[PDB]
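J.: Sharing entry05.tsv, TSV, C-alpha atoms:
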```
chain	number	residue	atom	x	y	z
A	554	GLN	CA	-65.20	-62.34	-38.93
A	555	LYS	CA	-62.09	-63.92	-37.38
A	556	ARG	CA	-60.89	-65.28	-40.73
A	557	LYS	CA	-61.59	-61.91	-42.35
A	558	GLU	CA	-59.56	-59.96	-39.78
A	559	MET	CA	-56.68	-62.43	-40.13
A	560	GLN	CA	-56.80	-62.06	-43.92
A	561	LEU	CA	-56.73	-58.26	-43.68
A	562	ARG	CA	-53.74	-58.38	-41.32
A	563	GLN	CA	-51.87	-60.70	-43.69
A	564	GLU	CA	-52.74	-58.47	-46.65
A	565	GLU	CA	-51.40	-55.38	-44.86
A	566	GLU	CA	-48.14	-57.16	-44.03
A	567	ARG	CA	-47.86	-58.39	-47.63
A	568	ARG	CA	-48.34	-54.86	-48.98
A	569	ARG	CA	-45.69	-53.51	-46.62
A	570	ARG	CA	-43.22	-56.20	-47.70
A	571	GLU	CA	-44.02	-55.57	-51.37
A	572	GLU	CA	-43.45	-51.82	-51.08
A	573	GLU	CA	-40.14	-52.38	-49.28
A	574	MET	CA	-39.11	-54.72	-52.11
A	575	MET	CA	-40.26	-52.08	-54.61
A	576	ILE	CA	-38.16	-49.30	-53.08
A	577	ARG	CA	-35.14	-51.61	-52.84
A	578	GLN	CA	-35.54	-52.53	-56.51
A	579	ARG	CA	-35.82	-48.86	-57.47
A	580	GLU	CA	-32.65	-48.08	-55.49
A	581	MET	CA	-30.79	-50.87	-57.30
A	582	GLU	CA	-32.14	-49.62	-60.64
A	583	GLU	CA	-30.93	-46.09	-59.92
A	584	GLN	CA	-27.50	-47.38	-58.90
A	585	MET	CA	-27.15	-49.40	-62.10
A	586	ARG	CA	-28.32	-46.40	-64.14
A	587	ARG	CA	-25.66	-44.25	-62.47
A	588	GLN	CA	-23.12	-46.98	-63.24
A	589	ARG	CA	-24.01	-46.89	-66.95
A	590	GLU	CA	-23.34	-43.13	-66.94
B	453	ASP	CA	-8.93	-22.81	-67.77
B	454	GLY	CA	-8.37	-26.24	-66.24
B	455	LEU	CA	-10.80	-29.13	-65.87
B	456	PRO	CA	-14.34	-27.75	-65.50
B	457	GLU	CA	-17.12	-29.18	-63.35
B	458	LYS	CA	-19.22	-30.26	-66.35
B	459	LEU	CA	-16.51	-32.57	-67.70
B	460	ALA	CA	-15.67	-33.82	-64.19
B	461	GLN	CA	-19.09	-35.27	-63.35
B	462	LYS	CA	-19.48	-36.97	-66.74
B	463	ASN	CA	-17.45	-39.87	-65.36
B	464	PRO	CA	-19.81	-41.71	-62.95
B	465	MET	CA	-17.04	-42.22	-60.36
B	466	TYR	CA	-16.29	-38.50	-59.89
B	467	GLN	CA	-19.36	-37.77	-57.76
B	468	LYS	CA	-18.82	-40.82	-55.54
B	469	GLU	CA	-15.20	-39.76	-54.90
B	470	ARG	CA	-16.22	-36.45	-53.27
B	471	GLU	CA	-18.33	-37.65	-50.33
B	472	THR	CA	-15.30	-37.26	-48.07
B	473	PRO	CA	-14.58	-33.52	-47.72
B	474	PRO	CA	-10.96	-32.35	-48.05
B	475	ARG	CA	-9.30	-33.08	-44.72
B	476	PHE	CA	-5.95	-33.35	-42.93
B	477	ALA	CA	-6.49	-37.02	-42.00
B	478	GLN	CA	-6.44	-38.10	-38.35
B	479	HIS	CA	-3.70	-39.72	-36.27
B	480	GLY	CA	-4.41	-43.43	-35.80
B	481	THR	CA	-6.51	-43.77	-38.95
B	482	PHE	CA	-5.64	-45.80	-42.03
B	483	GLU	CA	-5.52	-42.72	-44.26
B	484	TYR	CA	-2.99	-41.05	-41.96
B	485	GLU	CA	-1.05	-44.32	-41.68
B	486	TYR	CA	-0.65	-44.61	-45.47
B	487	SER	CA	-0.15	-40.87	-46.01
B	488	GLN	CA	3.17	-41.39	-44.23
B	489	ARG	CA	4.11	-43.95	-46.88
B	490	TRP	CA	3.11	-41.50	-49.61
B	491	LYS	CA	5.21	-38.77	-47.96
B	492	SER	CA	8.17	-41.16	-47.77
B	493	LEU	CA	7.81	-41.82	-51.50
B	494	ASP	CA	7.69	-38.07	-52.14
B	495	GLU	CA	10.80	-37.55	-50.01
B	496	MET	CA	12.78	-40.27	-51.80
B	497	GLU	CA	11.70	-38.88	-55.18
B	498	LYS	CA	12.89	-35.43	-54.08
B	499	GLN	CA	16.21	-36.90	-52.94
B	500	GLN	CA	16.65	-38.64	-56.30
B	501	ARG	CA	15.86	-35.41	-58.16
B	502	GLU	CA	18.37	-33.47	-56.04
B	503	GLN	CA	21.01	-36.13	-56.72
```
Just dump the structure as structure tokens.

T.:
Amino acid sequence: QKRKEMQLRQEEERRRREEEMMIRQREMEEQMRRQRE
Amino acid sequence: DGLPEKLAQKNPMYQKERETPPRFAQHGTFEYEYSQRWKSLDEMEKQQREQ
């Protein structure tokens, strides 16, 4: 149970980091798309 | 019929040049500091034209 709770905490933090990276990448993509305009 | 809005925003830099609203600058700022240089250039051009 202790290992499982630690794994869930790490997974939640990983998902948060991944979604922040995703939104940053989308922002950069939109900026480059505007540049190509 | 001058330059319309549709042709203005085609260039990608036009929209990013309008974030600052039209203003009268502000004493002590860089824009006001260099607007004096621009006004000096305008004045010397006017003097040359009058000559």

J.: Could you give me, as a Markdown table, a per-residue list for chain A showing, wherever an atom lies at most 7 Å from an atom of chain B, the closest pair of atoms and their distance in Å to one decimal, using only C-alpha atoms and sorting by chain then residue number from low to high?

T.:
```
| residue | atom | partner | partner_atom | distance |
| --- | --- | --- | --- | --- |
| A:587 | CA | B:464 | CA | 6.4 |
| A:588 | CA | B:464 | CA | 6.2 |
| A:590 | CA | B:464 | CA | 5.5 |
```

J.: Please measure the separation of atom CA of residue B:478 and atom CA of residue B:466, giving the value in Å to one decimal.

T.: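 We find that atom CA of residue B:478 and atom CA of residue B:466 lie 23.7 Å from each other.
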
J.: What separation in Å, quoted to one decimal, exists between atom CA of residue B:473 and atom CA of residue A:584?

T.: 22.0 Å

J.: In Å, rounded to a single decimal, give me how far atom CA of residue B:480 is from atom CA of residue B:496.

T.: 23.7 Å
